[PDB]
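Okay, so here's the structure we're looking at.
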Amino acid sequence: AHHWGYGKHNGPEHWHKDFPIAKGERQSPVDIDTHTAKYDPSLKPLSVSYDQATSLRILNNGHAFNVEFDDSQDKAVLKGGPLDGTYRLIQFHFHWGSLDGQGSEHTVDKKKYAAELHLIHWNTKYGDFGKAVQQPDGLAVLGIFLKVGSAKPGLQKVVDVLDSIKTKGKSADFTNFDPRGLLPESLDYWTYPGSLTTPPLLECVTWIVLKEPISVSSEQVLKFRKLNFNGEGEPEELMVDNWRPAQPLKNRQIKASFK
Ligand SMILES: NS(=O)(=O)c1nc2ccccc2s1
Ligand SMILES: NS(=O)(=O)c1nc2ccccc2s1
Ligand SMILES: [Zn+2]
């Protein structure tokens with residue numbers, strides 16, 4: 001069974017032994033070299049349509065916490081940008097560090113942010129998530145950087161529930177959460193073809209990384225760092241540094257939506 005993690009003996013540098021695609025040609029995350037990324041005037045504005053989003057539950061899965069949505073209909077979708085067709089929101093989660101100087105997966109000119117939010121969407125032309133992840137255009141992941149400054153009001157409902165899902169396998173009801181409260185003002189973005197950043201590391205993602213970070217408070221991110229990787233009753237391992245480092249860009253071009 002799965003046995004990978006972010007510990008001293010099972011972290012990202014080990015994943016290739018069970019998931020050989022870890023050394024593939026389209027792995028994520030990557031460093032975004034802002035000078036080399038080319039403005040692509042053919043890219044469209046992103047269309048984020050979350051007005052009818054229906055959150056259901058929040059789960060500590062032992063590597064992050066996932067806020068899960070009802071994806072049985074087109075209730076919350078991502079379209080436009082670099083995308084063809086319609087991608088349905090299934091979940092969001094974060095990656096974060098032990099200290100504010102690390103935590104993001106993508107980097108910008110080698111800068112690491114304190115955390116990174118991933119909003120996961122699957123291409124409805126493949127019918128279900130499990131089929132979508134087997135396709136090169138199966139997923140669209142909206143990535144948003146977090147920096148530490150002022151509080152993010154729309155994040156507070158998430159932080160306040162974390163005490164109830166401290167350990168792996170715990171979940172809680174999490175209805176009526178509005179993910180629009182996690183977006184920055186601008187939807188300017190970079191995009192490139194990549195992969196899931198945790199096993200199975202499948203090469204099925206169109207990455208859309210927003211340029212503008214959101215600000216969260218130190219107190220908010222400190223609450224992320226009180227979560228545990230371990231299950232109830234087991235030796236406490238704080239859930240921190242659950243990020244994969246940048247991977248080789250290889251042939252790929254990162255495109256910018258903005259001049
Ligand atoms: N990261 S992994 O290749 O999946 C991995 N799995 C295991 C299992 C036991 C001990 C160390 C590792 S490291
Ligand atoms: N961290 S991520 O690339 O957004 C992501 N990875 C995985 C792995 C398995 C299932 C869903 C996702 S979503
Ligand atoms: Zn992620």
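How things are named: the first chain in the structure tokens is A, the next is B, and so on; residues count from 1 in each chain; ligands count from 1 in the order shown.
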
**Report entry** Env. residues ligand 2 / 10 Å / only C-alpha atoms and all ligand atoms / as a ChimeraX atom specification
**Finding:** /A:27-29,63-64,66,90-95,105,116-121,129-130,133,139-143,194-205,207,242-244

Query raised in the report: Do you know which residues are at most 8 Å from stretch 209-212 of chain A counting only C-alpha atoms, after dropping those on the same chain fewer than 3 positions away, and could you put them as a PyMOL selection string?
Result: chain A and resi 142-145+184-191

**Report entry** Pick from A:256, A:10, A:47, A:88, whichever lies nearest to residue A:76 using only C-alpha atoms
**Finding:** A:88

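Across A:233, A:181, A:213, A:81, the tightest approach to residue A:108 is made by A:213 when counting only C-alpha atoms.
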
Report task. Set the cut-off to 10 Å, count only C-alpha atoms and all ligand atoms, and list whatever residues fall near ligand 1 as a PyMOL selection string. Result -> chain A and resi 1-20+22+198-200

**Report entry** Nearby residues (only C-alpha atoms) at most 12 Å from residue A:42, same-chain spacing under 4 positions excluded, as a ChimeraX atom specification
**Finding:** /A:38,80-83,255-258

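Pairwise distance (atom CA of residue A:182, atom CA of residue A:236) equals 29.4 Å.
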
Requested in this report: Check the DSSP output for the backbone and give back, as a ChimeraX atom specification, the residues of stretch 43-249 of chain A in alpha helix (DSSP H).
Outcome: /A:129-132,156-161,218-224

Emit the selected residues as a PDB file, in the first residue's frame, including N, CA and C atoms.
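Resulting contents of result01.pdb:
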```pdb
ATOM      1  N   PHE A 129     -13.480  11.702 -12.612  1.00  0.00           N
ATOM      2  CA  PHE A 129     -12.133  12.089 -12.250  1.00  0.00           C
ATOM      3  C   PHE A 129     -11.115  10.987 -12.551  1.00  0.00           C
ATOM      4  N   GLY A 130     -11.474   9.737 -12.211  1.00  0.00           N
ATOM      5  CA  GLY A 130     -10.583   8.626 -12.444  1.00  0.00           C
ATOM      6  C   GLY A 130     -10.212   8.408 -13.896  1.00  0.00           C
ATOM      7  N   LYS A 131     -11.139   8.692 -14.809  1.00  0.00           N
ATOM      8  CA  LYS A 131     -10.819   8.632 -16.228  1.00  0.00           C
ATOM      9  C   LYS A 131     -10.044   9.871 -16.672  1.00  0.00           C
ATOM     10  N   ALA A 132     -10.382  11.036 -16.110  1.00  0.00           N
ATOM     11  CA  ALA A 132      -9.707  12.275 -16.508  1.00  0.00           C
ATOM     12  C   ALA A 132      -8.198  12.219 -16.203  1.00  0.00           C
ATOM     13  N   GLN A 156     -10.863  32.070   7.024  1.00  0.00           N
ATOM     14  CA  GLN A 156     -10.999  31.829   8.455  1.00  0.00           C
ATOM     15  C   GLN A 156     -11.917  30.635   8.770  1.00  0.00           C
ATOM     16  N   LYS A 157     -12.967  30.424   7.976  1.00  0.00           N
ATOM     17  CA  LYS A 157     -13.851  29.266   8.183  1.00  0.00           C
ATOM     18  C   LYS A 157     -13.073  27.948   8.049  1.00  0.00           C
ATOM     19  N   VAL A 158     -12.128  27.920   7.133  1.00  0.00           N
ATOM     20  CA  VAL A 158     -11.279  26.735   6.987  1.00  0.00           C
ATOM     21  C   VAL A 158     -10.395  26.574   8.212  1.00  0.00           C
ATOM     22  N   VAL A 159      -9.712  27.639   8.607  1.00  0.00           N
ATOM     23  CA  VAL A 159      -8.801  27.471   9.743  1.00  0.00           C
ATOM     24  C   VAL A 159      -9.553  27.044  11.005  1.00  0.00           C
ATOM     25  N   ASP A 160     -10.742  27.576  11.197  1.00  0.00           N
ATOM     26  CA  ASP A 160     -11.465  27.302  12.431  1.00  0.00           C
ATOM     27  C   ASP A 160     -11.925  25.857  12.584  1.00  0.00           C
ATOM     28  N   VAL A 161     -12.028  25.126  11.470  1.00  0.00           N
ATOM     29  CA  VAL A 161     -12.446  23.740  11.542  1.00  0.00           C
ATOM     30  C   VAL A 161     -11.270  22.765  11.717  1.00  0.00           C
ATOM     31  N   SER A 218      -0.211  35.410   9.936  1.00  0.00           N
ATOM     32  CA  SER A 218       0.652  34.451  10.574  1.00  0.00           C
ATOM     33  C   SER A 218      -0.160  33.476  11.413  1.00  0.00           C
ATOM     34  N   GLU A 219      -1.173  33.983  12.101  1.00  0.00           N
ATOM     35  CA  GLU A 219      -2.013  33.149  12.944  1.00  0.00           C
ATOM     36  C   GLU A 219      -2.758  32.097  12.109  1.00  0.00           C
ATOM     37  N   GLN A 220      -3.190  32.460  10.915  1.00  0.00           N
ATOM     38  CA  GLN A 220      -3.872  31.489  10.053  1.00  0.00           C
ATOM     39  C   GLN A 220      -2.951  30.360   9.635  1.00  0.00           C
ATOM     40  N   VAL A 221      -1.766  30.686   9.168  1.00  0.00           N
ATOM     41  CA  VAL A 221      -0.858  29.637   8.708  1.00  0.00           C
ATOM     42  C   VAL A 221      -0.317  28.811   9.891  1.00  0.00           C
ATOM     43  N   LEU A 222      -0.160  29.445  11.055  1.00  0.00           N
ATOM     44  CA  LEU A 222       0.226  28.685  12.231  1.00  0.00           C
ATOM     45  C   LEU A 222      -0.767  27.593  12.559  1.00  0.00           C
ATOM     46  N   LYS A 223      -2.049  27.813  12.281  1.00  0.00           N
ATOM     47  CA  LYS A 223      -3.047  26.784  12.498  1.00  0.00           C
ATOM     48  C   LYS A 223      -2.925  25.627  11.508  1.00  0.00           C
ATOM     49  N   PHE A 224      -2.563  25.908  10.267  1.00  0.00           N
ATOM     50  CA  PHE A 224      -2.233  24.817   9.342  1.00  0.00           C
ATOM     51  C   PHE A 224      -1.173  23.909   9.948  1.00  0.00           C
TER      52      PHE A 224
END
```

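Using only C-alpha atoms, the shortest contact distance between residue A:165 and any of A:192, A:177, A:87, A:229 is found at A:229.
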
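Proximity ranking of A:46, A:99, A:77, A:67 relative to ligand 3 places A:67 first, based on only C-alpha atoms and all ligand atoms.
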
Requested in this report: Determine which residues of stretch 36-219 of chain A DSSP labels as strand (DSSP E) from the backbone of this structure, then write them out as an NGL selection string.
Outcome: :A and (38-39 or 46-49 or 55-60 or 65-69 or 77-80 or 87-96 or 107-108 or 115-123 or 139-148 or 171-173 or 189-194 or 205-210 or 214-216)

Query - Neighbour list for residue A:128 as a ChimeraX atom specification, cut-off 10 Å, only C-alpha atoms, skip fewer than 5 positions in-chain - result: /A:71-72,88,122-123,133,138

Selection above as a file: N, CA and C atoms, as a compact mmCIF listing (two decimals), in the first residue's frame:
```txt
# COMPACT_ATOMS: atom_id res chain seq x y z
N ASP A 71 -19.38 17.37 -7.16
CA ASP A 71 -19.03 17.46 -8.58
C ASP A 71 -19.90 16.48 -9.39
N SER A 72 -21.14 16.25 -8.95
CA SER A 72 -22.09 15.39 -9.66
C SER A 72 -22.84 16.14 -10.78
N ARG A 88 -14.65 20.73 -14.03
CA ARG A 88 -15.48 20.80 -12.84
C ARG A 88 -14.65 20.74 -11.57
N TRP A 122 -11.67 18.73 -13.10
CA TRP A 122 -11.53 17.69 -14.09
C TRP A 122 -12.38 17.93 -15.32
N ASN A 123 -11.86 17.51 -16.47
CA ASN A 123 -12.46 17.75 -17.77
C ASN A 123 -13.69 16.88 -17.92
N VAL A 133 -7.81 11.63 -15.09
CA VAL A 133 -6.38 11.63 -14.74
C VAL A 133 -5.54 10.73 -15.61
N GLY A 138 -6.66 16.09 -18.89
CA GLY A 138 -7.72 15.68 -18.02
C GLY A 138 -8.05 16.63 -16.87
```

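Closest approach to ligand 3 among A:103, A:149, A:24, A:41 is made by A:103 (distances from only C-alpha atoms and all ligand atoms).
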